[PDB]
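*Asks:* First the structure, which I've put down as structure tokens, then a few questions once you've had a look.
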């Protein structure tokens, strides 16, 4: 068996399945894989490590600073944002962002 690399809320996962490259956010203390590598994708709901993806680029920024939270912020309400945020992870402070694309 093997652990997962990075997860993505159901919403994020679905959007991922729709392709459209997207950026991710990780914690240095949890610095997972790196660029030019593979990023195991999976739904946190209960579909973790479902498929595999590859990184494309990386950067250092917050969450809503790019995370879907932004697209949602300008779409959904605070509640929803808090829902996804809670589905993604707590803490609204700068962090590591890793971009990837679906081959």
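So this one's solution NMR, going by the header.
Every residue gets a Cβ built from N, Cα and C, even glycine.
Copying in the features that Swiss-Prot gives for the protein in this structure:
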ACT_SITE  21  active site, proton acceptor
ACT_SITE  24  active site, nucleophile
ACT_SITE  74  active site, proton donor
DOMAIN    6-101  domain 'ASCH'
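Describe the structural surroundings of these features, if you would.
*Replies:* Residue density at residue 21 (active site, proton acceptor): 12 other Cβ atoms are found within 10 A of its Cβ, drawing on all protein chains shown. DSSP assigns residue 21 (active site, proton acceptor) to coil in the three-state reduction, placing it in neither a helix nor a strand.
Every protein chain considered, the tally of other Cβ atoms within 10 Å of the Cβ of residue 24 (active site, nucleophile) stands at 27.
Mapped onto three states, the DSSP output places residue 74 (active site, proton donor) in coil.
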*Asks:* In whole Å, how far is residue 21 (active site, proton acceptor) from residue 74 (active site, proton donor) when you measure between their Cα atoms?
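*Replies:* Each residue's Cα considered, residue 74 (active site, proton donor) and residue 21 (active site, proton acceptor) end up 19 Å apart.
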*Asks:* How does the domain 'ASCH' (6-101) divide up by DSSP, counting helix, then strand, then coil residues?
*Replies:* 28 helix, 33 strand, 35 coil
*Asks:* Quick one: give me the count of other CB atoms within 10 A of the CB of residue 74 (active site, proton donor).
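*Replies:* The answer is 7 other Cβ atoms.
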